[PDB]
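Beneath this line is the structure, given in structure tokens, with notes to follow.
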Amino acid sequence: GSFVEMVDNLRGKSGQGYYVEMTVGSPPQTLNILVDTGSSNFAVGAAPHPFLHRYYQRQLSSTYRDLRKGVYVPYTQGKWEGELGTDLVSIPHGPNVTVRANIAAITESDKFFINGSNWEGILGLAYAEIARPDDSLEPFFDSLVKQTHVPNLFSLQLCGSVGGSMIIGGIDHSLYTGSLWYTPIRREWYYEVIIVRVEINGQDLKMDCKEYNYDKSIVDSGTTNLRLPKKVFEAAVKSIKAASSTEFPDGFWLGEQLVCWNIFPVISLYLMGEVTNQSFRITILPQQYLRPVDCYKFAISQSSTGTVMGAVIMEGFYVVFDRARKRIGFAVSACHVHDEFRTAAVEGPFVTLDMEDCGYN
Ligand SMILES: COc1cccc(-c2cccc([C@@H]3C[C@@H]3c3cc(=O)n(C)c(N)n3)c2)c1
């Protein structure tokens, strides 16, 4: 219910994701590690790349064990690759435990480390199914729960240098107001969920809900934007365009250029609820989808791999990754940025029929 040592354990830079301090090896080596609910590998710099403040030096760790296996991870502009092993890992501002975890020692990369960033690795918090090389490489959180008494859940309050909290093993009730509302984790690979309805300023998009989840919807701390399937993004922008016709170029809506609150509509996503024919809705503000760069980028964008509820969504809410119950809880975040008129919201219950049809097969 209360985990004060873990509050404010996240830092970062806008558009660059949130990191937690971790230690690896014996004696402990401190690194800053990006928190990513959209992947499942724990991977750290292990060589003196010129952008790195520091890196894992396996030769200094008495507890290091080599797995003698490579791992190669290309993603979308572009890549990291490394050497697998295990070692002792802890989170100084997390639970008072140390575990033996898989660690990919990064030995080559492309467009991975960021010039001027203050992080040296990534913590994939999603499930084994999407671990590389394959699902037999146990993810860090799986190892943590297996080797300790840490409950099988964590929660995130991303506040928007930005700050936030990762509560490992529980929920901190001071981080949210009102009630938590839960949506099922559809399948344990990404943190996959089902959107059953979309409103802009209360106006339904009238789209076949199946489109909202084409070909999936995921909750992803490792993505800045709210990302939507093109068909959905088209209707979204058309509506976001109309709502704000009162006062911007076409390239803006495409993230091709920048522009320098009440004119802009709220966005509600209704999520599948816990009960048959029952849903709830989460509502965000322009302050969430208009992120400082007073020049802002439009932080809603299009996708070929489905809806991605990135930091734009998550900074509105306290998000509970209730792995034990295969569900994700949303509540209004106690730190979310609002004005005096409108506030981010989590509301229910609503009656929504045929919600099962919204999931793509
Ligand atoms: C933008 O902020 C963040 C926050 C946390 C992690 C990352 C991040 C940056 C570059 C690479 C990666 C790893 C390839 C994994 C990855 C790829 C990827 O495309 N996404 C969307 C996510 N969430 N993770 C992760 C980026």
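Any value given below was found using the heavy atoms of this structure, including those in side chains, with hydrogens, waters and symmetry copies removed. Numbers here simply count residues along the sequence, with the first being 1. Atoms within each ligand, like the ligands themselves, are counted from 1 in listed order.
Numbered from 1 in the order shown, with element, the atoms of ligand 1 that lie under 4.0 Å from a heavy atom of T223 read 21 (C).
At least one heavy atom of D220 sits under 4.0 Å from some atom of ligand 1. At least one heavy atom of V35 sits less than 4.0 Å from an atom of ligand 1.
For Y191 and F321, the gap between ring centers is short of 6.0 Å. Residues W80 and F42 keep their aromatic ring centres 6.0 Å or farther apart.
At a cut-off of 3.5 Å, with distance as the only test, a side-chain donor of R100 or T86 sits close to an acceptor on the other residue.
The stretch residues 88-99 participates, sequence neighbours left out, in these side-chain hydrogen bond (donor to acceptor under 3.5 Å, both in side chains) pairs: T23-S90. Judged as a salt bridge (charged side-chain N to carboxylate O under 4.0 Å, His left out), the pairs with a partner in residues 172-195 (not counting sequence neighbours) are, in order, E129-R187, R186-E192.
When heavy-atom distances to ligand 1 are checked against a 4.0 Å cut-off, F112 comes that close only through its side chain, counted from C-beta outward.
Checking only distances, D36 does come within under 3.5 Å of ligand 1, N or O to N or O. Taking distance alone, with nitrogen or oxygen atoms compared against 3.5 Å, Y75 stays at or beyond that limit from ligand 1.
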